[PDB]
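Student:
4 protein chains.
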Amino acid sequence: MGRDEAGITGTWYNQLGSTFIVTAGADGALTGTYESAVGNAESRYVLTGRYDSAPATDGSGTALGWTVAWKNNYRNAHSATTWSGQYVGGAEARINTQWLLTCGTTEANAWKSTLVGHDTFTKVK
Amino acid sequence: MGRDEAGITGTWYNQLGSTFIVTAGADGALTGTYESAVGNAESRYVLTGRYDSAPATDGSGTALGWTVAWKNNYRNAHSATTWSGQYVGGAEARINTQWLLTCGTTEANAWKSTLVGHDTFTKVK
Amino acid sequence: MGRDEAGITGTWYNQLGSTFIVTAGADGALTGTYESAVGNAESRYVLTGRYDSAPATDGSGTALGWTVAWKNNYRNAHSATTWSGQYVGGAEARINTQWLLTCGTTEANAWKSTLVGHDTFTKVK
Amino acid sequence: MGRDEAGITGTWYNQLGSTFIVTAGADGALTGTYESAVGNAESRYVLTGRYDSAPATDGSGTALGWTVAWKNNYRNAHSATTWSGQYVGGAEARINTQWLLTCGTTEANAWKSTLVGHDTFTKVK
Ligand SMILES: O=C(CCCC[C@@H]1SC[C@@H]2NC(=O)N[C@@H]21)NCCCN(CCc1ccccn1)CCc1ccccn1
Ligand SMILES: O=C(CCCC[C@@H]1SC[C@@H]2NC(=O)N[C@@H]21)NCCCN(CCc1ccccn1)CCc1ccccn1
Ligand SMILES: O=C(CCCC[C@@H]1SC[C@@H]2NC(=O)N[C@@H]21)NCCCN(CCc1ccccn1)CCc1ccccn1
Ligand SMILES: O=C(CCCC[C@@H]1SC[C@@H]2NC(=O)N[C@@H]21)NCCCN(CCc1ccccn1)CCc1ccccn1
Ligand SMILES: [Cu+2]
Ligand SMILES: [Cu+2]
Ligand SMILES: [Cu+2]
Ligand SMILES: [Cu+2]
Ligand SMILES: [Cu+2]
Ligand SMILES: [Cu+2]
Ligand SMILES: [Cu+2]
Ligand SMILES: [Cu+2]
Ligand SMILES: [Cu+2]
Ligand SMILES: [Cu+2]
Ligand SMILES: [Cu+2]
Ligand SMILES: [Cu+2]
Numbered sequence: 010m011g012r013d014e015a016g017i018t019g020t021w022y023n024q025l026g027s028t029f030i031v032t033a034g035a036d037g038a039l040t041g042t043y044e045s046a047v048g049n050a051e052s053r054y055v056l057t058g059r060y061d062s063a064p065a066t067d068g069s070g071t072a073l074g075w076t077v078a079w080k081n082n083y084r085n086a087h088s089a090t091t092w093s094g095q096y097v098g099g100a101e102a103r104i105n106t107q108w109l110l111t112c113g114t115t116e117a118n119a120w121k122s123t124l125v126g127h128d129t130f131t132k133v134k
Numbered sequence: 010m011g012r013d014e015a016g017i018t019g020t021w022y023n024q025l026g027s028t029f030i031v032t033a034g035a036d037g038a039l040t041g042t043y044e045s046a047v048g049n050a051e052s053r054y055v056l057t058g059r060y061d062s063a064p065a066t067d068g069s070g071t072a073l074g075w076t077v078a079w080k081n082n083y084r085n086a087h088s089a090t091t092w093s094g095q096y097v098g099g100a101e102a103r104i105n106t107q108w109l110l111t112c113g114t115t116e117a118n119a120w121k122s123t124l125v126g127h128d129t130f131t132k133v134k
Numbered sequence: 010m011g012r013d014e015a016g017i018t019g020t021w022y023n024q025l026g027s028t029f030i031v032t033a034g035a036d037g038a039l040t041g042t043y044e045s046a047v048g049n050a051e052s053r054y055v056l057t058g059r060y061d062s063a064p065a066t067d068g069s070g071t072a073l074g075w076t077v078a079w080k081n082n083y084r085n086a087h088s089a090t091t092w093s094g095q096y097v098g099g100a101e102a103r104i105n106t107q108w109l110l111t112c113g114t115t116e117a118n119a120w121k122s123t124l125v126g127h128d129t130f131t132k133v134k
Numbered sequence: 010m011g012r013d014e015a016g017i018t019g020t021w022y023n024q025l026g027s028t029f030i031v032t033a034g035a036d037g038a039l040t041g042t043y044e045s046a047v048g049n050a051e052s053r054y055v056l057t058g059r060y061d062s063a064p065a066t067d068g069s070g071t072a073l074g075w076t077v078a079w080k081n082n083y084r085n086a087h088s089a090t091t092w093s094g095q096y097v098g099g100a101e102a103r104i105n106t107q108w109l110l111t112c113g114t115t116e117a118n119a120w121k122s123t124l125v126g127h128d129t130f131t132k133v134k
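Protein chains in written order, with the authors' numbering: chain A, 10 to 134; chain B, 10 to 134; chain C, 10 to 134; chain D, 10 to 134.
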């Protein structure tokens, strides 16, 4: 089993009120759904990612990342977000991320194609 | 089938000489391997991602993203990179990305946990 | 005078314990010193930036940015950070930023030259 | 004088056709104007920044950064861009940057306040 397979698997919430439901596999896989509280989004979207299944034991966090393409049966916002970050275990477990949201654009608009931000996920709220 | 399922599936190379081997599924899935020409990496790593399987038809690119956790049977660099970008079809097909590489860190080093950069992938070289 | 010239001018502290001392000019100038609580830094460094001296009146924040080159009379870490963000006035005034720290590198190391993060500055602590 | 004071001072052009006019001071100051070929911009905008006036001599680039607030006598786009990067001297001198563009937003829109991209500046074109 991955060191934090148990710690990562479950439901997570970020500061925007979005919901991140993920299953961590023993091999390093992340699978689940994402529901955004903001933007051109409704209901759940497929996500997939990877995490370090054998992290350092020196108190470092666990690196991970995942992607959502913002197309589902209800909407298509022609964009994708990737979250890159680390899982920090303990009493107040957290997944601390920065993210890149890229929209499909024409080449003349490519310079404004990508948003960057940061989301913190907790097990509560 | 996804509009660019055929266009995305295959082998891609970036400006660093890294090799991105991907299969685009009809549902929006990305699966494959990544081989980095630089950094604490050797041989192939598992990747997974998502792409917009029904992009706009107005000449916009196709949004996509994917993740590599830098653990395989040879090495574990306790880090993960996510690439967020868009596929641009045509004679000179390109995948234009920006990426976030997060290392597992202690909390005292979390401020220096994340690199950002940009990779351009072409079908040749 | 700039709408938030008075609001921005003064001493600010971020979540790392760093100290941001700035004077906002009527023309949009930012001048001051930065003292980082972390990294290859000691004492104060010169900073300069710009802010929107006539922001929207619809409740939006005030865009601003500034740069520190990490050379002073004590140390030279051959790097520069730029903070890009917005000032949010009111009872709990905040400057919410994301930043890019670029080190001078050889071309072979340019892919790992740039860190990205996010700092929140408050008037207290 | 700053090692690359002479190398940096002058007119630079990026891949979008924007024009970056800068004077590097002996102390590490950057002063000049920026004219963007794209976006909500017309004519020249004030910029200010900092650079490492005593870079490493091992072939590394010279770290630097600068800010433009997008207000001038013609327009106010209530936003600011910071470019963070390094100057690389030689026959084909380059300033390689990544940038963060933050718009003033309401707090409910703060999650989509910041664009990220990358500009390469050359002495010609
Ligand atoms: O909303 C979406 C999908 C939802 C994205 C939710 C984000 S993921 C990061 C964050 N953490 C989270 O939990 N939730 C948010 N994808 C298109 C994102 C278009 N813009 C903003 C929204 C919008 C809605 C309607 C019309 C226009 N926009 C991006 C802003 C932009 C940038 C550049 C040029 C033009 N517009
Ligand atoms: O190399 C790795 C895995 C390979 C990553 C390859 C990158 S993905 C983006 C890009 N596109 C590509 O095709 N290839 C590169 N993961 C740890 C990344 C540690 N640092 C740099 C390398 C290193 C090797 C040995 C010892 C120390 N570092 C990141 C730099 C850093 C940042 C903050 C604090 C300390 N160090
Ligand atoms: O510390 C500095 C200057 C201090 C920077 C402080 C940052 S500004 C953003 C943030 N908000 C804040 O208030 N404070 C921090 N500039 C070189 C930054 C080298 N690395 C990390 C530190 C270090 C100290 C000694 C030896 C090696 N590093 C960056 C990590 C890295 C990235 C890629 C390859 C290798 N290393
Ligand atoms: O254009 C500007 C100022 C010009 C900025 C030029 C950029 S600096 C980085 C790059 N290198 C360069 O040489 N040139 C470009 N500042 C507002 C930037 C609003 N959006 C895009 C333009 C626009 C024009 C009219 C109406 C709406 N937008 C940013 C996209 C966005 C993001 C999030 C939510 C909504 N919109
Ligand atoms: Cu180890
Ligand atoms: Cu968009
Ligand atoms: Cu806009
Ligand atoms: Cu559509
Ligand atoms: Cu690292
Ligand atoms: Cu370092
Ligand atoms: Cu206005
Ligand atoms: Cu560095
Ligand atoms: Cu490293
Ligand atoms: Cu030195
Ligand atoms: Cu904007
Ligand atoms: Cu939008």
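Think of the CB as a built atom: it goes at the ideal place given N, C-alpha and C, for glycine as much as any other residue.
Is it buried or exposed for residue 115 of chain D, if we count other Cβ within 10 angstroms and need 16 for buried?
Tutor: Here the question's residue 115 of chain D lines up with position 106 in the fourth sequence. With fewer than 16 other Cβ atoms within 10 Å, it is exposed.
Student: In chain C, what lies closer than 8 angstroms to residue 109 of chain D by C-beta?
Tutor: Within the fourth sequence, residue 109 of chain D is the residue found at index 100, counting from 1. Within chain C, the residues near residue 109 of chain D are 74, 91, 93, 107, 108 and 109.
Student: For a cutoff of 8 angstroms on Cβ pairs, would you count residue 115 of chain B as touching chain A?
Tutor: Locating residue 115 of chain B in the second sequence gives position 106, where the first residue counts as 1. Answer yes: the Cβ-Cβ gap between residue 115 of chain B and chain A drops below 8 angstroms somewhere.
Student: Touching or not, the region 57-64 of chain D and the region 24-39 of chain D, by the rule of three or more beta carbon pairs under 8 angstroms?
Tutor: Yes: at least three Cβ pairs fall under 8 angstroms.
Student: Going along the chain, which residues put their C-beta within less than 6 angstroms of some heavy atom in ligand 2?
Tutor: Cβ-based neighbours of ligand 2 within the cut-off: B:23, B:25, B:27, B:45, B:47, B:48, B:49, B:50, B:79, B:86, B:88, B:90, B:108, B:110, B:112, B:121, B:124, B:126, B:128, C:120 and C:121.
Student: Let me make sure I understand the geometry here. Which of B:101, B:105, B:87 and B:106 has the alpha-carbon closest to that of residue 48 of chain B?
Tutor: Residue mapping note: residue 48 of chain B aligns to position 39 of the second sequence, counting from 1. Per the Cα distances, B:87.
Student: Please go through the same chain and pick out, in chain order, the residues whose beta-carbon is closer than 7 angstroms to the beta-carbon of residue 15 of chain B, but skip the five residues on each side of it.
Tutor: The residue you call residue 15 of chain B lines up with position 6 of the second sequence. Correct list: empty, nothing qualifies.
Student: Could you tell me the alpha carbon to alpha carbon distance between residue 24 of chain C and residue 81 of chain A, rounded to whole angstroms?
Tutor: Translated into the one-based positions of the third sequence, residue 24 of chain C becomes position 15. Translated into the one-based positions of the first sequence, residue 81 of chain A becomes position 72. One C-alpha to the other measures close to 38 angstroms.
Student: Output needed for residue 58 of chain C: all residues of its chain with C-beta closer than 7 angstroms, excluding positions within five of it in sequence on either side, in chain order.
Tutor: In the third sequence, the residue the question calls residue 58 of chain C occupies position 49. If we look at residue 58 of chain C and ignore the five residues flanking it on each side, its Cβ neighbours are 39, 73, 74, 75 and 76.
Student: Reducing DSSP to helix, strand and coil, say where residue 81 of chain B ends up.
Tutor: For the purposes of this step, residue 81 of chain B is identified with residue 72 of the second sequence, where counting begins at 1. Residue 81 of chain B: coil per DSSP, three-state reduction.
Student: Out of C:44, C:67, C:34 and C:53, state which residue places its alpha-carbon closest to the alpha-carbon of residue 98 of chain C.
Tutor: Position 89 of the third sequence, counting from 1, holds the residue named residue 98 of chain C. It is C:67 whose Cα lies nearest to the Cα of residue 98 of chain C.
Student: Excluding the 5 residues flanking residue 89 of chain D on each side, which residues of the same chain have their C-beta closer than 8 angstroms to its C-beta?
Tutor: The residue given as residue 89 of chain D occupies position 80 in the fourth sequence. Hits under 8 angstroms: 76, 77, 78, 79, 110 and 111.
Student: Using 8 angstroms as the threshold, is the C-beta distance between residue 119 of chain C and residue 105 of chain D below it?
Tutor: Along the third sequence, read from residue 1 onward, the residue named residue 119 of chain C stands at position 110. Along the fourth sequence, read from residue 1 onward, the residue named residue 105 of chain D stands at position 96. The answer is yes: Cβ separation under 8 angstroms.
Student: Using CA coordinates, which residue listed in D:52, D:107 and D:93 is at the minimum distance from residue 83 of chain D?
Tutor: On the fourth sequence, position 74 is the one that residue 83 of chain D refers to. Ranking D:52, D:107 and D:93 by Cα distance to residue 83 of chain D puts D:52 first.
Student: Among the candidates C:43, C:17 and C:18, whose CA atom is the shortest distance from the CA of residue 29 of chain C?
Tutor: In the third sequence, residue 29 of chain C corresponds to position 20, counting from 1. Of the candidates C:43, C:17 and C:18, the one whose C-alpha sits nearest the C-alpha of residue 29 of chain C is C:43.
Student: Using DSSP with H/G/I as helix, E/B as strand and the rest coil, what is residue 15 of chain B?
Tutor: Locating residue 15 of chain B in the second sequence gives position 6, counting from the first residue. In this structure, residue 15 of chain B counts as helix in the three-state DSSP scheme.
Student: So with CB distances below 7 angstroms, who are the chain B contacts of residue 134 of chain C?
Tutor: Position 125 of the third sequence holds residue 134 of chain C. Those do not exist, as residue 134 of chain C stays about 17 angstroms from chain B at its closest Cβ, beyond 7 angstroms.
Student: Can you check whether the C-beta of residue 125 of chain A is within less than 8 angstroms of a C-beta belonging to chain C?
Tutor: Residue 125 of chain A sits at position 116 when you count from the first residue of the first sequence. Answer yes: the Cβ-Cβ gap between residue 125 of chain A and chain C drops below 8 angstroms somewhere.
Student: Using only alpha-carbon positions, find the residue among A:33, A:21 and A:46 that is nearest to residue 117 of chain D.
Tutor: Numbered from its first residue, the fourth sequence carries residue 117 of chain D at position 108. For the residues A:33, A:21 and A:46, the minimum Cα distance to residue 117 of chain D belongs to A:46.
Student: Reducing DSSP to helix, strand and coil, say where residue 51 of chain B ends up.
Tutor: Position 42 of the second sequence, counted from the start, is the residue given in the question as residue 51 of chain B. Correct three-state label for residue 51 of chain B: coil.
Student: Kindly list the residues whose CB is nearer than 6 angstroms to the CB of residue 34 of chain B, restricted to its own chain and excluding five residues on each side of it in sequence; keep chain order.
Tutor: Locating residue 34 of chain B in the second sequence gives position 25, counting from the first residue. Here the set comprises nothing.
Student: Along chain D, which residues have their Cβ under 8 angstroms away from the Cβ of residue 59 of chain C?
Tutor: In the third sequence, the residue the question calls residue 59 of chain C occupies position 50. Within chain D, the residues near residue 59 of chain C are 55, 56, 57, 76, 77, 78 and 89.
Student: Mind checking whether residue 113 of chain B and residue 11 of chain A have CB atoms under 8 angstroms apart?
Tutor: Start at 1 with the first residue of the second sequence, and residue 113 of chain B comes out as number 104. Start at 1 with the first residue of the first sequence, and residue 11 of chain A comes out as number 2. The answer is no: Cβ separation not under 8 angstroms.
Student: Measure the CB-CB distance between residue 124 of chain A and residue 91 of chain D and report whether it falls below 8 angstroms.
Tutor: Locating residue 124 of chain A in the first sequence gives position 115, where the first residue counts as 1. Locating residue 91 of chain D in the fourth sequence gives position 82, where the first residue counts as 1. For residue 124 of chain A and residue 91 of chain D, no; Cβs fall outside 8 angstroms.
Student: If distances are taken between C-alpha atoms only, which option among D:54, D:108, D:94 and D:32 comes closest to residue 19 of chain D?
Tutor: Reading the fourth sequence from its first residue, position 10 is the one you call residue 19 of chain D. Of the candidates D:54, D:108, D:94 and D:32, the one whose C-alpha sits nearest the C-alpha of residue 19 of chain D is D:32.
Student: Counting contacts by CB-CB distance shorter than 8 angstroms, is residue 32 of chain A in contact with chain B?
Tutor: On the first sequence, residue 32 of chain A is found 23 positions in, with the first residue counted as 1. It does not; no Cβ of chain B falls within 8 angstroms.
Student: Give a yes or no on whether 8 angstroms exceeds the smallest Cβ distance from residue 120 of chain A to chain D.
Tutor: In the first sequence, the residue the question calls residue 120 of chain A occupies position 111. Yes, because at least one Cβ of chain D sits closer than 8 angstroms to the Cβ of residue 120 of chain A.
Student: By Cβ distance below 6 angstroms, which residues in the same chain neighbour residue 132 of chain A in space, the five residues on each side in sequence not counted?
Tutor: Indexing the first sequence from 1 puts residue 132 of chain A at position 123. Cβ neighbours of residue 132 of chain A beyond the five flanking positions: 102.
Student: Establish whether the CB of residue 65 of chain B and some CB of chain A are separated by less than 8 angstroms.
Tutor: Position 56 of the second sequence holds residue 65 of chain B. Yes, residue 65 of chain B counts as interfacial toward chain A.
Student: Check the Cβ-Cβ distances between residue 131 of chain C and every residue of chain D, and say whether any is below 8 angstroms.
Tutor: Position 122 of the third sequence, counting from 1, holds the residue named residue 131 of chain C. Output row for residue 131 of chain C: interface = no.
Student: Taking 8 angstroms as the CB-CB cut-off, is residue 85 of chain C touching chain D?
Tutor: As a position in the third sequence, residue 85 of chain C is number 76, starting the count at 1. Answer yes: the Cβ-Cβ gap between residue 85 of chain C and chain D drops below 8 angstroms somewhere.
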